[PDB]
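Peer 1: The structure under discussion is supplied below as structure tokens; questions concerning it will follow.
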Amino acid sequence: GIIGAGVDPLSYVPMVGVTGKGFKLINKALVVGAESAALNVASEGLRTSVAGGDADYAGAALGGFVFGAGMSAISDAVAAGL
Amino acid sequence: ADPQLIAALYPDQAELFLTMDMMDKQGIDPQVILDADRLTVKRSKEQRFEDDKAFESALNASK
């Protein structure tokens with residue numbers, strides 16, 4: 001629950017330590033039919049050929065999610081400022 | 001009469017000012033500080049590193 005939860009985060013710790021790591025956003029809720037397995041031998045997860053491919057993505061996401069939720073909160077704040 | 005000034009000039013015994021202001025302004029007994037300041041373990045140079053790091057986390061993560 002990064003949004004749905006959901007926080008700002010506009011007042012948050014400088015967040016130095018975090019890199020990735022154990023960030024997979026299985027929002028509880030917003031999951032509907034949860035077919036555990038697979039559709040084919042494709043699918044799977046990020047189909048990538050570099051090591052770090054599941055952590056570069058994760059990093060991006062933490063950095064994308066935090067920034068997106070923050071832009072949402074700051075646009076709600078400037079809304080009230082207007 | 002001027003809590004801040006006496007403390008400011010002597011930036012060494014803030015411990016005494018804290019204990020005295022505990023003793024008189026707040027209602028605690030000047031007996032329950034005595035044991036806890038007499039019963040203390042020597043920080044023994046080990047758990048301190050953890051203590052310096054400690055001053056640093058509750059400070060930064062305070063907001």
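By convention here, the chains of the structure tokens are called A, B, ... in the order presented, each chain's residues are numbered starting at 1, and ligands are numbered starting at 1 in the order presented.
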Would you kindly return, as a PDB file with C-alpha atoms, in the first residue's frame, each protein, DNA or RNA residue with an atom no farther than 7 Å from any atom of stretch 56-61 of chain A, considering only C-alpha atoms and excluding same-chain residues fewer than 3 positions away?
Peer 2:
```
ATOM      1  CA  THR A  19      18.836   0.536  -1.538  1.00  0.00           C
ATOM      2  CA  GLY A  20      16.164  -1.677  -2.929  1.00  0.00           C
ATOM      3  CA  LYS A  21      16.065  -4.063  -1.421  1.00  0.00           C
ATOM      4  CA  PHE A  23      10.654  -3.952  -1.980  1.00  0.00           C
ATOM      5  CA  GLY A  52      21.091  -6.993 -10.837  1.00  0.00           C
ATOM      6  CA  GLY A  53      17.996  -7.205 -12.934  1.00  0.00           C
ATOM      7  CA  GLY A  64       9.566   6.080  -8.698  1.00  0.00           C
ATOM      8  CA  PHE A  65       6.897   5.305  -6.117  1.00  0.00           C
TER       9      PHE A  65
END
```
Peer 1: Can you work out which residues from chain A touch chain B at a cut-off of 9 Å (counting only C-alpha atoms) and hand them back as JSON, numbers by chain?
Peer 2: {"A": [11, 12, 13, 14]}
Peer 1: Report, in Å to a single decimal, how far apart atom CA of residue A:8 and atom CA of residue A:73 are.
Peer 2: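 One can read the atom CA of residue A:73 to atom CA of residue A:8 distance as 5.4 Å.
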Peer 1: Could you pull out the helix (DSSP H, G or I) residues of chain A from DSSP and send them as a PDB file with N, CA and C atoms, in the first residue's frame?
Peer 2:
```pdb
ATOM      1  N   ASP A  56      17.929  -3.460  -9.997  1.00  0.00           N
ATOM      2  CA  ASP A  56      17.943  -2.146 -10.586  1.00  0.00           C
ATOM      3  C   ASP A  56      16.502  -1.722 -10.699  1.00  0.00           C
ATOM      4  N   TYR A  57      15.645  -2.656 -11.070  1.00  0.00           N
ATOM      5  CA  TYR A  57      14.243  -2.339 -11.215  1.00  0.00           C
ATOM      6  C   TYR A  57      13.683  -1.964  -9.896  1.00  0.00           C
ATOM      7  N   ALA A  58      14.063  -2.678  -8.859  1.00  0.00           N
ATOM      8  CA  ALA A  58      13.478  -2.403  -7.571  1.00  0.00           C
ATOM      9  C   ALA A  58      13.888  -1.034  -7.147  1.00  0.00           C
ATOM     10  N   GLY A  59      15.122  -0.696  -7.414  1.00  0.00           N
ATOM     11  CA  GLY A  59      15.590   0.575  -6.964  1.00  0.00           C
ATOM     12  C   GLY A  59      14.798   1.612  -7.673  1.00  0.00           C
ATOM     13  N   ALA A  60      14.583   1.414  -8.953  1.00  0.00           N
ATOM     14  CA  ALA A  60      13.902   2.432  -9.699  1.00  0.00           C
ATOM     15  C   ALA A  60      12.552   2.596  -9.131  1.00  0.00           C
ATOM     16  N   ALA A  61      11.898   1.497  -8.843  1.00  0.00           N
ATOM     17  CA  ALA A  61      10.553   1.606  -8.358  1.00  0.00           C
ATOM     18  C   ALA A  61      10.493   2.321  -7.033  1.00  0.00           C
ATOM     19  N   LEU A  62      11.381   2.017  -6.097  1.00  0.00           N
ATOM     20  CA  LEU A  62      11.229   2.663  -4.805  1.00  0.00           C
ATOM     21  C   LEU A  62      11.380   4.093  -5.152  1.00  0.00           C
ATOM     22  N   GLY A  63      12.289   4.394  -6.049  1.00  0.00           N
ATOM     23  CA  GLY A  63      12.486   5.801  -6.318  1.00  0.00           C
ATOM     24  C   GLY A  63      11.392   6.407  -7.160  1.00  0.00           C
ATOM     25  N   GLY A  64      10.694   5.591  -7.943  1.00  0.00           N
ATOM     26  CA  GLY A  64       9.566   6.080  -8.698  1.00  0.00           C
ATOM     27  C   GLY A  64       8.337   6.240  -7.830  1.00  0.00           C
ATOM     28  N   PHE A  65       8.065   5.246  -6.985  1.00  0.00           N
ATOM     29  CA  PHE A  65       6.897   5.305  -6.117  1.00  0.00           C
ATOM     30  C   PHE A  65       6.995   6.441  -5.118  1.00  0.00           C
ATOM     31  N   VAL A  66       8.130   6.568  -4.432  1.00  0.00           N
ATOM     32  CA  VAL A  66       8.269   7.639  -3.455  1.00  0.00           C
ATOM     33  C   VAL A  66       8.082   8.987  -4.127  1.00  0.00           C
ATOM     34  N   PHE A  67       8.739   9.191  -5.266  1.00  0.00           N
ATOM     35  CA  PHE A  67       8.621  10.456  -5.979  1.00  0.00           C
ATOM     36  C   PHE A  67       7.215  10.715  -6.499  1.00  0.00           C
ATOM     37  N   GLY A  68       6.512   9.690  -6.964  1.00  0.00           N
ATOM     38  CA  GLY A  68       5.176   9.883  -7.484  1.00  0.00           C
ATOM     39  C   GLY A  68       4.179  10.210  -6.399  1.00  0.00           C
ATOM     40  N   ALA A  69       4.210   9.439  -5.312  1.00  0.00           N
ATOM     41  CA  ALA A  69       3.358   9.763  -4.180  1.00  0.00           C
ATOM     42  C   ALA A  69       3.673  11.149  -3.633  1.00  0.00           C
ATOM     43  N   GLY A  70       4.951  11.534  -3.623  1.00  0.00           N
ATOM     44  CA  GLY A  70       5.306  12.864  -3.173  1.00  0.00           C
ATOM     45  C   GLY A  70       4.807  13.962  -4.084  1.00  0.00           C
ATOM     46  N   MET A  71       4.881  13.753  -5.399  1.00  0.00           N
ATOM     47  CA  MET A  71       4.301  14.733  -6.310  1.00  0.00           C
ATOM     48  C   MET A  71       2.799  14.840  -6.112  1.00  0.00           C
ATOM     49  N   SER A  72       2.130  13.714  -5.871  1.00  0.00           N
ATOM     50  CA  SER A  72       0.704  13.762  -5.570  1.00  0.00           C
ATOM     51  C   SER A  72       0.415  14.568  -4.316  1.00  0.00           C
ATOM     52  N   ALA A  73       1.142  14.310  -3.227  1.00  0.00           N
ATOM     53  CA  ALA A  73       0.918  15.054  -1.994  1.00  0.00           C
ATOM     54  C   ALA A  73       1.221  16.535  -2.167  1.00  0.00           C
ATOM     55  N   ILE A  74       2.281  16.875  -2.898  1.00  0.00           N
ATOM     56  CA  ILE A  74       2.623  18.286  -3.035  1.00  0.00           C
ATOM     57  C   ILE A  74       1.651  18.993  -3.964  1.00  0.00           C
ATOM     58  N   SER A  75       1.070  18.290  -4.935  1.00  0.00           N
ATOM     59  CA  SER A  75       0.039  18.922  -5.738  1.00  0.00           C
ATOM     60  C   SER A  75      -1.269  19.066  -4.982  1.00  0.00           C
ATOM     61  N   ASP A  76      -1.568  18.159  -4.048  1.00  0.00           N
ATOM     62  CA  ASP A  76      -2.681  18.419  -3.144  1.00  0.00           C
ATOM     63  C   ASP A  76      -2.402  19.597  -2.223  1.00  0.00           C
ATOM     64  N   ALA A  77      -1.147  19.774  -1.807  1.00  0.00           N
ATOM     65  CA  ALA A  77      -0.821  20.894  -0.937  1.00  0.00           C
ATOM     66  C   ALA A  77      -0.900  22.224  -1.672  1.00  0.00           C
ATOM     67  N   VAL A  78      -0.359  22.303  -2.888  1.00  0.00           N
ATOM     68  CA  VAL A  78      -0.467  23.545  -3.647  1.00  0.00           C
ATOM     69  C   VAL A  78      -1.906  23.804  -4.075  1.00  0.00           C
ATOM     70  N   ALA A  79      -2.718  22.755  -4.209  1.00  0.00           N
ATOM     71  CA  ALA A  79      -4.143  22.964  -4.430  1.00  0.00           C
ATOM     72  C   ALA A  79      -4.748  23.788  -3.305  1.00  0.00           C
ATOM     73  N   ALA A  80      -4.553  23.360  -2.056  1.00  0.00           N
ATOM     74  CA  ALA A  80      -5.026  24.147  -0.925  1.00  0.00           C
ATOM     75  C   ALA A  80      -4.332  25.496  -0.826  1.00  0.00           C
ATOM     76  N   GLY A  81      -3.075  25.590  -1.267  1.00  0.00           N
ATOM     77  CA  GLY A  81      -2.408  26.876  -1.322  1.00  0.00           C
ATOM     78  C   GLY A  81      -3.038  27.839  -2.311  1.00  0.00           C
TER      79      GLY A  81
END
```
Peer 1: Separation of atom CA of residue B:12 and atom CA of residue B:30, in Å?
Peer 2: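 Interatomic distance, atom CA of residue B:12 to atom CA of residue B:30: 21.8 Å.
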Peer 1: Between atom CA of residue A:25 and atom CA of residue A:37, what is the distance in Å, rounded to a tenth?
Peer 2: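 Between atom CA of residue A:25 and atom CA of residue A:37 the gap is 17.9 Å.
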Peer 1: Excluding residue B:3 and residues on its chain fewer than 5 positions from it, collect all residues at most 10 Å away from it, counting only C-alpha atoms, and give them as a PyMOL selection string.
Peer 2: chain B and resi 8+17+21
Peer 1: Since we have the selection now, will you write its residues out, keeping N, CA, C and O atoms, as a CSV table (one decimal), in the first residue's frame?
Peer 2:
```
chain,number,residue,atom,x,y,z
B,8,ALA,N,24.4,28.6,30.5
B,8,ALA,CA,25.2,29.0,29.3
B,8,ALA,C,26.6,29.3,29.6
B,8,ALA,O,27.5,28.8,28.9
B,17,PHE,N,22.6,21.0,36.7
B,17,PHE,CA,21.4,21.8,36.5
B,17,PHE,C,20.2,20.9,36.2
B,17,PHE,O,19.1,21.1,36.8
B,21,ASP,N,17.0,20.7,38.7
B,21,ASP,CA,15.7,21.1,38.2
B,21,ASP,C,14.7,19.9,38.3
B,21,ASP,O,13.5,20.1,38.3
```
Peer 1: Find the residues around residue B:22 up to 12 Å (only C-alpha atoms counted), leave out those fewer than 5 positions away in its own chain, and share them as a PyMOL selection string.
Peer 2: chain B and resi 15-17+27-34
Peer 1: Any chance you could export the current selection's N, CA and C atoms as a tab-separated table (two decimals), in the first residue's frame?
Peer 2:
```tsv
chain	number	residue	atom	x	y	z
B	15	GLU	N	24.69	18.67	33.70
B	15	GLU	CA	24.20	17.53	34.46
B	15	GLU	C	23.64	17.95	35.81
B	16	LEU	N	24.38	18.80	36.53
B	16	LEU	CA	23.91	19.27	37.82
B	16	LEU	C	22.65	20.11	37.69
B	17	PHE	N	22.59	20.97	36.68
B	17	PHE	CA	21.39	21.78	36.48
B	17	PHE	C	20.19	20.90	36.20
B	27	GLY	N	8.43	17.00	40.77
B	27	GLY	CA	8.10	16.53	42.11
B	27	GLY	C	8.90	15.34	42.60
B	28	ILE	N	9.87	14.86	41.82
B	28	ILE	CA	10.53	13.61	42.19
B	28	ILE	C	11.34	13.79	43.46
B	29	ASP	N	11.51	12.70	44.20
B	29	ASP	CA	12.26	12.74	45.44
B	29	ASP	C	13.75	12.86	45.14
B	30	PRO	N	14.50	13.61	45.95
B	30	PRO	CA	15.97	13.52	45.92
B	30	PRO	C	16.46	12.32	46.71
B	31	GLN	N	15.84	11.18	46.45
B	31	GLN	CA	16.32	9.88	46.87
B	31	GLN	C	16.29	8.89	45.72
B	32	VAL	N	15.33	9.05	44.81
B	32	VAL	CA	15.17	8.10	43.73
B	32	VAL	C	16.14	8.40	42.60
B	33	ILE	N	16.71	9.60	42.58
B	33	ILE	CA	17.83	9.87	41.68
B	33	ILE	C	19.12	9.32	42.26
B	34	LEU	N	19.22	9.31	43.59
B	34	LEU	CA	20.46	8.95	44.25
B	34	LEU	C	20.88	7.52	43.92
```
